[PDB]
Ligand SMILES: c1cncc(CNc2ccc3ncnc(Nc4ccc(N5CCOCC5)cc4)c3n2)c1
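Listed next as structure tokens is one chain, alone, in the form solved without the named molecule.
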């Protein structure tokens, strides 16, 4: 549902092939469970199961989302296995990502906090690895002409081997409620990640995702701090619209902060493409230690 363009295709899983283990999360739209899934890939494997709470308007929303998610298969997008529509509750089956959402992972590996990561805070090399993978997922979505309306580290997942993919199970507005500004009745906007053209003109395009990615880049180098944490929602809105930019994080080298600033050009057309932002981050991520050691 977070995607916006700028039933036979859907894979089905028998309810007996899904064995719920325990709850992983809960939101306003449903629950997430860890489950054992049989004969999904050639004997048994762990999966995250999103259960839809309750309804005919929601059943068609579920069907369209499943169709969209089926089309969306890539190396840096959380894997969607299919649905279970034989009875209630309707289920969506996704791969299980061991380390949870990227915001939680960053926070637990920051100075304020070991199979996949070294002790202490994440090094420059791993922060750039994380950033490059998120950018790679955005390059793919932009390439399919899809806009992600809620790009943030809370909406990315981390798996075994520090593999980072875009995806979430729809509970961010519940788990990370302070990351949203409540408006017109029930609507909640991720204002701190939104560019000036979204706040002012209610426009959200591929260039608006480059801006949101720059905020994601800032979250990474601050180990998951909330952008504009010192400010209330209206003060954050004033900053974004008046052109005040987030400051260079302590752990962020000037070369990386240059990439962030390039994402935050006021005019959408002046922002670099996500393809270029990715290219610059991957070049830094795979750069020899000798080079990276003289950056920061």
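Positions refer to the first chain, counted from 1. Rigid core (definition): largest C-alpha set, two forms, superposition within 1.5 Å.
The protein also exists as the form solved in complex with the named molecule; that form is not presented, and the subsequent description refers to it.
Although the chain is displayed without it, the named molecule can be placed by superposition from its pose in the bound PDB entry; doing so yields three or more atoms within 2.4 Å of backbone or C-beta atoms, and the site is blocked. Note that among 240-248, 254-262, 267-275, 22-30, the stretch whose heavy atoms approach the named molecule to within 4.5 Å in the bound PDB entry is 22-30. Residue contact check for residue 225: none of its heavy atoms lie within 4.5 Å of the named molecule in the bound PDB entry. By the criterion of a heavy atom within 4.5 Å, residue 210 is excluded from the residues contacting the named molecule in the bound PDB entry. Although the partner is absent here, residue 95 lies within 4.5 Å of the named molecule in the bound PDB entry, judged by heavy atoms. Taking the partner from elsewhere, residue 179 is found to have every heavy atom lying beyond 4.5 Å of the named molecule in the bound PDB entry. Contact with the named molecule in the bound PDB entry, judged by any heavy atom within 4.5 Å, is made by just one of 106, 139, 127, 78: 78.
Using a 4.5 Å cut-off on any heavy atom, the residues of 152-167 that reach the named molecule in the bound PDB entry are, in sequence order, 154, 155, 156, 157, 167.
After superposition on the rigid core, the C-alpha displacement between this form and the one not shown reaches 2 Å or more for just one residue among 249, 268, 262, 27, namely 27.
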